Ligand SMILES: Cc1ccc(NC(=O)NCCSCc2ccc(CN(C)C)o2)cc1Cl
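Form deposited without this ligand, single chain, as structure tokens, below.
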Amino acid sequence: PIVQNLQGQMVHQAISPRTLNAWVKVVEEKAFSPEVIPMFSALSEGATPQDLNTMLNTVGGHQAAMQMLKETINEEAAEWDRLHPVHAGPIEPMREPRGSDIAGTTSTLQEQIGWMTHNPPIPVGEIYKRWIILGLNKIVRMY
């Protein structure tokens, strides 16, 4: 998540032991029944894309579902780009995120926090969560 330090700067806060413990428990009991989704939504509150990837990579078992989820995320990232055209570089010299930045694969943790705390926010955590949930909805059909 994101927290303010003693200097007043926004910086990363590691997913806590209590949050990761609960998410594992939810995965162990519910992955990937419909009931997993409200639990994921709450436990991922304030997550950066890097935190969201940590949560996804905690899922033990469910190899096939995790592959489908990844395919959905890849699709959404590419569509995001097509619906959010940008110039061939910052005119500057903050770049707009691409789909792969939103999914955490091409962006740094600092870029993620930059977007999420920009004025107005470019809510890359919330956007990635929407793609993840689209995927979870597809996967519930296997369960």
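Each residue number is its position in the shown sequence, starting from 1.
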| query | finding |
| --- | --- |
| Selected stretch [higher average CA B-factor]: 38-46 or 95-103 | 95-103 |
| 124-132 versus 21-29 - which carries the larger mean C-alpha B factor in the record | 21-29 |
| Residue, from 55, 86, 113, 77, that the PDB entry assigns the highest Cα B-factor | 86 |
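Heads up, the form solved in complex with this ligand isn't pictured, but that's what we're talking about next.
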item: Close approach of residue 27 to this ligand in the bound PDB entry, 4.5 Å, heavy atom; value: yes
item: Proximity of residue 59 to this ligand in the bound PDB entry, heavy atoms at 4.5 Å; value: yes
item: Contact flag, residue 66 vs this ligand in the bound PDB entry, heavy atom cut 4.5 Å; value: yes
item: 4.5 angstroms heavy atom contact with this ligand in the bound PDB entry for residue 115; value: no
item: Triplet 31, 136 and 139 all within 4.5 Å of this ligand in the bound PDB entry via a heavy atom; value: yes
item: Partner-facing stretch of 80-88, 66-74, 43-51, 94-102, counted where any non-hydrogen atom is within 4.5 angstroms of this ligand in the bound PDB entry; value: 66-74
